[PDB]
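As stored in target_13.txt (compact mmCIF, C-alpha atoms and all ligand atoms):
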# COMPACT_ATOMS: atom_id res chain seq x y z
CA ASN G 856 0.00 0.00 0.00
CA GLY G 857 2.75 2.44 1.12
CA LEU G 858 0.32 3.27 4.03
CA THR G 859 0.79 1.96 7.64
CA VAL G 860 -1.31 1.98 10.86
CA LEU G 861 0.68 2.15 14.12
CA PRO G 862 -0.30 0.70 17.56
CA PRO G 863 -1.25 3.03 20.47
CA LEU G 864 1.27 3.35 23.35
CA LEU G 865 -1.29 1.99 25.91
CA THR G 866 -3.12 -1.30 25.13
CA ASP G 867 -6.81 -1.85 26.02
CA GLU G 868 -5.69 -3.95 29.06
CA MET G 869 -3.71 -0.91 30.38
CA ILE G 870 -6.70 1.44 29.80
CA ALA G 871 -8.88 -1.08 31.70
CA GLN G 872 -6.44 -0.96 34.67
CA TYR G 873 -6.70 2.86 34.78
CA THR G 874 -10.55 2.81 34.64
CA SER G 875 -10.40 0.14 37.40
CA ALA G 876 -8.04 2.28 39.56
CA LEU G 877 -10.18 5.44 39.17
CA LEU G 878 -13.34 3.50 39.99
CA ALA G 879 -11.86 1.58 42.97
CA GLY G 880 -10.48 4.85 44.44
CA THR G 881 -13.86 6.62 43.96
CA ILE G 882 -15.87 3.83 45.65
CA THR G 883 -13.51 3.42 48.66
CA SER G 884 -12.29 7.00 49.34
CA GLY G 885 -14.49 9.75 47.79
CA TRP G 886 -12.63 12.68 46.16
CA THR G 887 -9.67 12.28 48.58
CA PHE G 888 -7.55 10.14 46.19
CA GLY G 889 -7.42 13.23 43.87
CA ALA G 890 -6.54 15.78 46.60
CA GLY G 891 -3.85 13.61 48.36
CA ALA G 892 -3.44 10.02 49.59
CA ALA G 893 -6.68 7.96 49.45
CA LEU G 894 -8.53 8.13 52.80
CA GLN G 895 -11.08 5.34 53.34
CA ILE G 896 -14.70 6.18 54.34
CA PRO G 897 -17.87 3.95 54.45
CA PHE G 898 -19.86 4.34 51.21
CA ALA G 899 -23.11 5.39 52.95
CA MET G 900 -21.17 8.27 54.61
CA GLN G 901 -19.50 9.22 51.30
CA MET G 902 -23.02 9.50 49.84
CA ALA G 903 -24.08 11.58 52.87
CA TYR G 904 -21.30 14.07 51.88
CA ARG G 905 -22.42 13.97 48.18
CA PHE G 906 -26.02 14.77 49.35
CA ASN G 907 -24.86 17.52 51.73
CA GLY G 908 -22.95 19.10 48.78
CA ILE G 909 -26.21 19.60 46.76
CA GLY G 910 -27.99 21.27 49.75
CA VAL G 911 -30.06 18.20 50.83
CA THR G 912 -29.60 17.64 54.58
CA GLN G 913 -27.67 14.42 55.27
CA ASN G 914 -30.32 12.75 57.51
CA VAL G 915 -32.41 12.46 54.28
CA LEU G 916 -29.92 9.83 53.02
CA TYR G 917 -29.80 7.56 56.10
CA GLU G 918 -33.60 7.74 56.58
CA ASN G 919 -34.04 6.64 52.89
CA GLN G 920 -30.90 4.50 52.33
CA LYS G 921 -32.69 1.31 51.10
CA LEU G 922 -34.83 3.31 48.61
CA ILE G 923 -31.75 5.25 47.35
CA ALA G 924 -29.76 1.99 46.95
CA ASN G 925 -32.64 0.31 45.02
CA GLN G 926 -33.07 3.35 42.70
CA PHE G 927 -29.29 3.28 42.02
CA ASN G 928 -29.12 -0.51 41.35
CA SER G 929 -32.20 -0.30 39.06
CA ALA G 930 -30.80 2.74 37.17
CA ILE G 931 -27.46 0.90 36.57
CA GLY G 932 -29.44 -2.15 35.30
CA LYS G 933 -31.20 -0.04 32.59
CA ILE G 934 -27.77 1.01 31.14
CA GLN G 935 -27.05 -2.63 30.18
CA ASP G 936 -30.36 -2.87 28.27
CA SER G 937 -30.00 0.61 26.71
CA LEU G 938 -26.51 -0.31 25.33
CA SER G 939 -27.58 -3.90 24.38
CA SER G 940 -30.69 -2.79 22.40
CA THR G 941 -29.05 -0.50 19.74
CA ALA G 942 -25.66 0.53 18.29
CA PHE H 1042 -8.02 22.91 37.53
CA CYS H 1043 -5.67 25.19 39.54
CA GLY H 1044 -3.04 22.55 40.57
CA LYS H 1045 -3.35 19.22 42.47
CA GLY H 1046 -4.57 19.30 46.11
CA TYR H 1047 -7.12 21.86 47.40
CA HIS H 1048 -6.53 25.30 45.81
CA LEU H 1049 -5.51 28.32 47.94
CA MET H 1050 -4.25 30.89 45.37
CA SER H 1051 -1.87 31.37 42.45
CA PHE H 1052 0.64 33.94 41.17
CA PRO H 1053 1.31 34.77 37.49
CA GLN H 1054 4.89 35.12 36.18
CA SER H 1055 5.71 36.07 32.57
CA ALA H 1056 7.76 33.90 30.18
CA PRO H 1057 8.75 34.37 26.48
CA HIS H 1058 5.76 33.47 24.22
CA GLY H 1059 3.69 32.38 27.30
CA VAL H 1060 2.74 32.52 31.00
CA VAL H 1061 3.60 30.55 34.16
CA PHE H 1062 1.30 30.03 37.17
CA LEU H 1063 2.63 29.23 40.66
CA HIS H 1064 -0.37 27.39 42.20
CA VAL H 1065 -0.35 27.37 46.03
CA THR H 1066 -2.38 24.44 47.41
CA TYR H 1067 -3.17 22.66 50.70
CA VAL H 1068 -2.35 18.91 50.77
CA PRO H 1069 -3.51 16.85 53.82
CA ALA H 1070 -0.93 14.55 55.52
CA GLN H 1071 -0.24 12.08 58.40
CA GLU H 1072 -3.66 10.39 58.53
CA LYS H 1073 -4.77 7.94 61.24
CA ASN H 1074 -7.48 5.25 61.22
CA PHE H 1075 -10.58 5.73 63.42
CA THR H 1076 -13.84 3.87 64.05
CA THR H 1077 -16.80 5.96 62.74
CA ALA H 1078 -20.63 6.08 62.88
CA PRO H 1079 -23.31 7.87 60.74
CA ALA H 1080 -25.42 8.97 63.76
CA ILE H 1081 -25.67 8.71 67.60
CA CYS H 1082 -28.54 7.52 69.84
CA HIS H 1083 -29.08 9.69 72.94
CA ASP H 1084 -32.58 9.62 74.60
CA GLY H 1085 -34.17 7.37 71.90
CA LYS H 1086 -33.40 9.99 69.17
CA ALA H 1087 -30.80 10.13 66.39
CA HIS H 1088 -28.21 12.95 66.42
CA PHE H 1089 -26.23 13.87 63.26
CA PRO H 1090 -23.16 16.23 63.09
CA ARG H 1091 -23.88 19.84 61.90
CA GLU H 1092 -20.49 19.77 60.14
CA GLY H 1093 -17.69 17.17 60.28
CA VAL H 1094 -17.96 13.47 61.32
CA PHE H 1095 -18.27 11.26 64.41
CA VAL H 1096 -15.08 9.31 65.24
CA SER H 1097 -13.73 7.18 68.06
CA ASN H 1098 -10.23 6.49 69.38
CA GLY H 1099 -11.66 3.13 70.68
CA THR H 1100 -13.08 4.35 74.08
CA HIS H 1101 -14.48 7.88 73.51
CA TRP H 1102 -16.67 9.43 70.78
CA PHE H 1103 -15.82 12.84 69.30
CA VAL H 1104 -16.96 15.06 66.44
CA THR H 1105 -14.25 16.61 64.20
CA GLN H 1106 -13.98 18.66 61.01
CA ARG H 1107 -13.28 16.22 58.15
CA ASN H 1108 -10.05 17.73 56.60
CA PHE H 1109 -7.93 18.07 59.83
CA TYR H 1110 -8.17 16.09 63.11
CA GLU H 1111 -9.53 18.43 65.87
CA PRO H 1112 -11.80 16.33 68.17
CA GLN H 1113 -14.62 17.99 70.17
CA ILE H 1114 -16.95 16.70 72.92
CA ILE H 1115 -20.27 15.80 71.24
CA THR H 1116 -23.01 18.34 72.17
CA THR H 1117 -26.53 19.57 71.32
CA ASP H 1118 -24.93 22.54 69.41
CA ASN H 1119 -22.35 20.38 67.55
CA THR H 1120 -25.28 18.16 66.37
CA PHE H 1121 -28.90 18.19 65.11
CA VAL H 1122 -31.75 15.68 65.67
CA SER H 1123 -33.88 13.79 63.17
CA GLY H 1124 -36.30 11.05 64.28
CA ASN H 1125 -36.06 7.91 66.45
CA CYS H 1126 -33.09 5.49 66.73
CA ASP H 1127 -34.73 2.55 64.85
CA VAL H 1128 -34.37 3.74 61.19
CA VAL H 1129 -30.63 4.53 60.76
CA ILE H 1130 -28.31 1.66 59.68
CA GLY H 1131 -25.15 1.65 61.88
CA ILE H 1132 -26.21 4.16 64.61
CA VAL H 1133 -24.24 3.87 67.94
CA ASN H 1134 -25.13 4.53 71.60
CA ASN H 1135 -23.36 7.47 73.31
CA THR H 1136 -24.14 10.46 75.57
CA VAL H 1137 -24.59 13.86 73.87
CA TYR H 1138 -23.75 16.67 76.33
CA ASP H 1139 -26.08 19.67 76.93
CA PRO H 1140 -24.30 22.99 77.80
CA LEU H 1141 -27.40 24.21 79.74
CA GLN H 1142 -27.29 21.15 82.10
CA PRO H 1143 -24.91 22.61 84.80
CA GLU H 1144 -26.69 26.02 84.49
CA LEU H 1145 -29.79 24.16 85.80
CA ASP H 1146 -27.88 24.19 89.16
CA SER H 1147 -29.19 27.84 89.46
CA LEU R 1141 -34.77 28.38 76.42
CA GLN R 1142 -37.94 29.78 78.05
CA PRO R 1143 -39.56 26.38 79.02
CA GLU R 1144 -36.16 25.13 80.34
CA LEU R 1145 -35.70 28.26 82.55
CA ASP R 1146 -39.26 27.58 83.81
CA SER R 1147 -37.56 24.88 85.99
CA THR O 696 6.72 -3.29 29.67
CA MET O 697 5.84 0.10 31.24
CA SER O 698 4.47 0.32 34.83
CA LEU O 699 1.22 2.23 35.48
CA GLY O 700 2.05 2.84 39.20
CA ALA O 701 2.43 1.17 42.62
CA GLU O 702 -0.33 -1.37 43.46
CA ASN O 703 -2.52 -0.44 46.46
CA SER O 704 -5.63 -1.85 48.22
CA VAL O 705 -7.42 0.89 50.22
CA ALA O 706 -8.25 -0.40 53.75
CA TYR O 707 -12.05 0.09 53.30
CA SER O 708 -14.61 -1.26 55.78
CA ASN O 709 -18.20 -0.30 56.75
CA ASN O 710 -17.06 1.49 60.01
CA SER O 711 -13.46 2.75 59.35
CA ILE O 712 -12.45 6.33 58.40
CA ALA O 713 -8.99 7.88 57.95
CA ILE O 714 -8.58 11.56 59.05
CA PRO O 715 -5.41 13.66 58.31
CA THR O 716 -3.64 15.03 61.42
CA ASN O 717 -1.30 17.45 59.54
CA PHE O 718 -0.81 19.21 56.14
CA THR O 719 1.75 20.59 53.70
CA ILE O 720 1.42 23.75 51.61
CA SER O 721 2.53 22.82 48.06
CA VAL O 722 3.55 25.34 45.35
CA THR O 723 3.21 23.89 41.83
CA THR O 724 4.32 25.22 38.39
CA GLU O 725 2.03 25.29 35.33
CA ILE O 726 3.12 26.64 31.90
CA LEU O 727 1.00 27.64 28.84
CA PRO O 728 2.04 29.15 25.47
CA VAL O 729 0.03 32.31 24.61
CA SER O 730 1.41 33.72 21.31
CA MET O 731 3.28 32.78 18.11
CA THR O 732 6.04 34.72 16.35
CA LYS O 733 4.18 37.36 14.23
CA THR O 734 5.17 36.96 10.53
CA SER O 735 4.59 38.63 7.13
CA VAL O 736 5.59 37.20 3.70
CA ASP O 737 5.79 39.29 0.51
CA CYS O 738 4.64 36.58 -1.94
CA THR O 739 5.77 38.59 -5.02
CA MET O 740 9.29 38.83 -3.53
CA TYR O 741 9.29 35.14 -2.41
CA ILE O 742 7.89 33.76 -5.72
CA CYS O 743 9.44 36.13 -8.32
CA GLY O 744 12.61 37.50 -6.60
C1 LIG G 1201 -9.58 8.52 73.90
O1 LIG G 1201 -9.50 9.95 74.18
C2 LIG G 1201 -9.76 10.32 75.59
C3 LIG G 1201 -9.52 11.82 75.78
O2 LIG G 1201 -8.20 12.14 75.29
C4 LIG G 1201 -8.87 9.51 76.54
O3 LIG G 1201 -9.41 9.68 77.89
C5 LIG G 1201 -8.46 10.17 78.88
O4 LIG G 1201 -7.55 9.08 79.26
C6 LIG G 1201 -6.52 9.46 80.26
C7 LIG G 1201 -5.65 8.23 80.54
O5 LIG G 1201 -5.00 7.82 79.31
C8 LIG G 1201 -7.22 9.98 81.52
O6 LIG G 1201 -6.24 10.50 82.45
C9 LIG G 1201 -8.18 11.13 81.18
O7 LIG G 1201 -8.86 11.56 82.40
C10 LIG G 1201 -9.20 10.68 80.13
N1 LIG G 1201 -10.08 11.80 79.78
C11 LIG G 1201 -11.40 11.69 79.71
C12 LIG G 1201 -12.15 12.95 79.24
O8 LIG G 1201 -11.99 10.66 80.00
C13 LIG G 1201 -8.84 8.01 76.23
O9 LIG G 1201 -7.82 7.39 77.06
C14 LIG G 1201 -8.54 7.77 74.75
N2 LIG G 1201 -8.56 6.34 74.45
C15 LIG G 1201 -7.67 5.75 73.67
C16 LIG G 1201 -7.88 4.24 73.44
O10 LIG G 1201 -6.74 6.37 73.16
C1 LIG G 1202 -28.48 0.92 72.39
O1 LIG G 1202 -29.13 1.06 73.70
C2 LIG G 1202 -30.50 0.52 73.76
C3 LIG G 1202 -31.04 0.75 75.18
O2 LIG G 1202 -30.84 2.14 75.51
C4 LIG G 1202 -30.48 -0.96 73.39
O3 LIG G 1202 -31.87 -1.42 73.26
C5 LIG G 1202 -32.25 -2.60 74.04
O4 LIG G 1202 -31.62 -3.79 73.45
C6 LIG G 1202 -31.96 -5.07 74.13
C7 LIG G 1202 -31.16 -6.20 73.47
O5 LIG G 1202 -29.76 -5.86 73.51
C8 LIG G 1202 -33.48 -5.27 74.03
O6 LIG G 1202 -33.86 -6.45 74.76
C9 LIG G 1202 -34.22 -4.08 74.65
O7 LIG G 1202 -35.66 -4.27 74.48
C10 LIG G 1202 -33.78 -2.75 74.01
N1 LIG G 1202 -34.41 -1.63 74.71
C11 LIG G 1202 -35.04 -0.64 74.09
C12 LIG G 1202 -35.56 0.49 74.98
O8 LIG G 1202 -35.19 -0.63 72.87
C13 LIG G 1202 -29.79 -1.19 72.03
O9 LIG G 1202 -29.74 -2.61 71.76
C14 LIG G 1202 -28.38 -0.58 72.02
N2 LIG G 1202 -27.77 -0.72 70.69
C15 LIG G 1202 -26.59 -1.29 70.49
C16 LIG G 1202 -26.07 -1.31 69.04
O10 LIG G 1202 -25.93 -1.77 71.42
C1 LIG G 1203 -5.37 1.43 58.84
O1 LIG G 1203 -5.64 0.09 59.36
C2 LIG G 1203 -5.38 -1.02 58.43
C3 LIG G 1203 -5.72 -2.33 59.15
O2 LIG G 1203 -7.04 -2.20 59.72
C4 LIG G 1203 -3.91 -0.95 57.98
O3 LIG G 1203 -3.68 -1.94 56.95
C5 LIG G 1203 -3.59 0.42 57.38
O4 LIG G 1203 -2.18 0.45 57.01
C6 LIG G 1203 -3.90 1.55 58.37
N1 LIG G 1203 -3.68 2.84 57.71
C7 LIG G 1203 -3.12 3.88 58.33
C8 LIG G 1203 -3.00 5.17 57.49
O5 LIG G 1203 -2.71 3.82 59.48
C1 LIG G 1204 -20.28 -4.00 59.32
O1 LIG G 1204 -19.65 -5.27 58.95
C2 LIG G 1204 -19.60 -6.27 60.03
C3 LIG G 1204 -18.85 -7.50 59.51
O2 LIG G 1204 -17.62 -7.05 58.91
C4 LIG G 1204 -21.03 -6.58 60.47
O3 LIG G 1204 -21.00 -7.47 61.61
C5 LIG G 1204 -21.77 -5.30 60.90
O4 LIG G 1204 -23.14 -5.64 61.24
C6 LIG G 1204 -21.74 -4.25 59.78
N1 LIG G 1204 -22.33 -3.00 60.25
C7 LIG G 1204 -22.90 -2.13 59.42
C8 LIG G 1204 -23.39 -0.82 60.04
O5 LIG G 1204 -23.01 -2.36 58.22
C1 LIG G 1205 3.41 18.74 60.61
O1 LIG G 1205 4.36 18.68 59.50
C2 LIG G 1205 5.59 19.50 59.64
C3 LIG G 1205 6.45 19.27 58.40
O2 LIG G 1205 5.64 19.53 57.24
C4 LIG G 1205 6.28 19.12 60.95
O3 LIG G 1205 7.40 20.00 61.18
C5 LIG G 1205 5.32 19.30 62.12
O4 LIG G 1205 6.02 18.98 63.35
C6 LIG G 1205 4.12 18.38 61.93
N1 LIG G 1205 3.22 18.49 63.07
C7 LIG G 1205 2.61 17.43 63.60
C8 LIG G 1205 1.70 17.69 64.81
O5 LIG G 1205 2.77 16.30 63.14

For this file, write the structure as structure tokens.
Ligand SMILES: *[C@@H]1O[C@H](CO)[C@@H](O[C@@H]2O[C@H](CO)[C@@H](O)[C@H](O)[C@H]2NC(C)=O)[C@H](O)[C@H]1NC(C)=O
Ligand SMILES: *[C@@H]1O[C@H](CO)[C@@H](O[C@@H]2O[C@H](CO)[C@@H](O)[C@H](O)[C@H]2NC(C)=O)[C@H](O)[C@H]1NC(C)=O
Ligand SMILES: *[C@@H]1O[C@H](CO)[C@@H](O)[C@H](O)[C@H]1NC(C)=O
Ligand SMILES: *[C@@H]1O[C@H](CO)[C@@H](O)[C@H](O)[C@H]1NC(C)=O
Ligand SMILES: *[C@@H]1O[C@H](CO)[C@@H](O)[C@H](O)[C@H]1NC(C)=O
Amino acid sequence: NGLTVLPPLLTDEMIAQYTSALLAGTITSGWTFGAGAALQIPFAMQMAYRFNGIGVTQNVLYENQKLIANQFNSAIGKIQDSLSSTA
Amino acid sequence: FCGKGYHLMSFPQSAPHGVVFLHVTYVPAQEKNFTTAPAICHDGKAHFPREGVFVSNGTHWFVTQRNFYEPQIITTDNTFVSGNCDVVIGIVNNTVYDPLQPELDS
Amino acid sequence: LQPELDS
Amino acid sequence: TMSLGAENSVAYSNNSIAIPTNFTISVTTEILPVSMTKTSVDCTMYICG
């Protein structure tokens, strides 16, 4: 041909390790892994901070935690179907 | 956006064909592990921190701001109430002190 | 405060 | 093979929190280009000399 396509520096398995590291930090330690060393916190209390940041008082999370967890798990489930149904 | 860590301020300096920013930032350090709880049961009612978090050194419960360890005695003006003990997952049993209590010695 | 200082 | 970084497992559990007891102020450099070299070309002088 005279034309050549070159590989990327990072393979898809290296990209998948970065998306894993970002996600595992976010779940276990909030924003703190961006601002310094990762500091662990329980995920219900991380979500209490996320709620308190939008001006909804944090007792609203703990008093509704099962409902909030079910709405989240259901909303994640619909993404699988929405991606599976059409290109 | 304005350098890694929490942003305090920055200073501009000129350079040929460009600009340089000296971003001053606060980075937290020397962390310790603590036991923690989302709420506290006093007289049948759930107390939540007004700002900061509940933590324990293993024997005592304190409230502290969340970006620098500065433990305080837990009180009715460090905390706010919402509802009975039975709803909150992971609530713990501790006294919450009332600053008016010794003034009732009047 | 007023009901508490009623004591 | 290049290394992405040190491996770490964060010590997460449903009742553990880590709180910082100290800090460091950190001053960081950032650099951006803002302007090119301004140029003009006389195309009659370049092409026809
Ligand atoms: C948790 O913190 C409290 C307050 O710093 C500690 O309680 C003090 O303990 C000393 C003995 O080590 C006593 O002399 C003080 O009278 C106690 N103060 C109070 C207000 O009770 C407690 O020892 C700490 N526990 C741990 C495991 O570090
Ligand atoms: C927090 O304290 C309350 C009492 O102030 C505990 O409630 C009692 O628990 C026992 C079993 O351990 C039951 O038989 C009683 O009927 C309960 N009493 C009341 C008034 O509800 C409660 O279990 C404590 N919570 C923890 C996590 O220790
Ligand atoms: C916190 O405790 C865990 C064990 O429970 C330990 O592996 C970890 O190194 C501790 N972290 C700090 C910052 O002390
Ligand atoms: C936390 O996990 C332990 C087991 O590791 C369990 O016994 C306890 O009931 C859990 N508490 C909460 C508030 O989830
Ligand atoms: C905090 O860190 C500085 C060095 O950055 C050190 O000199 C100081 O003694 C530390 N203070 C505590 C209480 O650890």

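Distance annotation: of G:884, G:866, G:875, G:920, the residue with the minimal separation from chain H is G:920; atom set is all atoms listed in the file.
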
*Using only C-alpha atoms, which residues sit within 12 Å of segment 856-864 of chain G once same-chain residues fewer than 3 positions away are excluded, as a PyMOL selection string?*
(chain G and resi 867-870) or (chain O and resi 696-697)

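Taking only C-alpha atoms and all ligand atoms into account, the residues that come within 10 Å of ligand LIG 1202 (chain G) are residues 1081, 1082, 1083, 1084, 1085, 1126, 1127, 1131, 1132, 1133, 1134 and 1135 of chain H.
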
Could you please take those selected residues and save C-alpha atoms as a compact mmCIF listing (two decimals), in the coordinates of the input?
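Listing of again25.txt after writing:
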# COMPACT_ATOMS: atom_id res chain seq x y z
CA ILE H 1081 -25.67 8.71 67.60
CA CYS H 1082 -28.54 7.52 69.84
CA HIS H 1083 -29.08 9.69 72.94
CA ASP H 1084 -32.58 9.62 74.60
CA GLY H 1085 -34.17 7.37 71.90
CA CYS H 1126 -33.09 5.49 66.73
CA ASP H 1127 -34.73 2.55 64.85
CA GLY H 1131 -25.15 1.65 61.88
CA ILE H 1132 -26.21 4.16 64.61
CA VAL H 1133 -24.24 3.87 67.94
CA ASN H 1134 -25.13 4.53 71.60
CA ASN H 1135 -23.36 7.47 73.31

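For ligand LIG 1204 (chain G), the neighbouring protein, DNA and RNA residues, which are those within 10 Å when only C-alpha atoms and all ligand atoms are counted, are residues 897 and 899 of chain G; 1077, 1078, 1079, 1129, 1130, 1131, 1132 and 1133 of chain H; 708, 709, 710 and 711 of chain O.
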
_What are the residues of chain H lining chain R at 10 Å or less? Count all atoms listed in the file, and put the answer as an MDAnalysis selection string._
chainID H and resid 1141:1142 1144:1145 1147

Store the residues picked out above in a file with C-alpha atoms, as a compact mmCIF listing (two decimals), in the coordinates of the input.
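Saved the output as out-v2.txt:
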# COMPACT_ATOMS: atom_id res chain seq x y z
CA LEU H 1141 -27.40 24.21 79.74
CA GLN H 1142 -27.29 21.15 82.10
CA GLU H 1144 -26.69 26.02 84.49
CA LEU H 1145 -29.79 24.16 85.80
CA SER H 1147 -29.19 27.84 89.46

_As a quick test: using all atoms listed in the file, which residues lie no more than 6 Å away from ligand LIG 1201 (chain G)? Give them as a PyMOL selection string._
chain H and resi 1098-1101

*Skip residue 714 of chain O itself and residues of its chain fewer than 4 positions away, then list as number ranges by chain all residues within 12 Å of it, counting all atoms listed in the file.*
G: 884, 887, 891-896; H: 1069-1077, 1093-1098, 1104-1112; O: 718

*asked:* One decimal, in Å: what's the spacing between atom CA of residue 880 of chain G and atom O4 of ligand LIG 1205 (chain G)?
replied: 28.8 Å

*Please extract the residues at most 7 Å from ligand LIG 1205 (chain G), counting all atoms listed in the file, and provide them as a ChimeraX atom specification, using the chain letters and residue numbers of this document.*
/O:716-719

Hey, can I get the axis-aligned box for ligand LIG 1203 (chain G)? All listed atoms, 3 Å padding on each side, centre and edge lengths in Å to one decimal, as JSON.
{"center_x": -4.6, "center_y": 1.4, "center_z": 58.3, "size_x": 10.9, "size_y": 13.5, "size_z": 8.8}

*Find the distance between atom CA of residue 911 of chain G and atom CA of residue 1122 of chain H and write it in Å to one decimal.*
15.1 Å

_Check: which chain O residues lie within 6 Å of chain G using all atoms listed in the file, as an MDAnalysis selection string_ = chainID O and resid 707 709 712:713

I need the residues from that last selection saved to file as a PDB file, keeping the file's coordinate frame (with C-alpha atoms), if you can.
ATOM      1  CA  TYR O 707     -12.050   0.090  53.300  1.00  0.00           C
ATOM      2  CA  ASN O 709     -18.200  -0.300  56.750  1.00  0.00           C
ATOM      3  CA  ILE O 712     -12.450   6.330  58.400  1.00  0.00           C
ATOM      4  CA  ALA O 713      -8.990   7.880  57.950  1.00  0.00           C
TER       5      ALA O 713
END

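Taking atom CA of residue 1091 of chain H as the reference point, atom CA of residue 715 of chain O is found at 19.8 Å.
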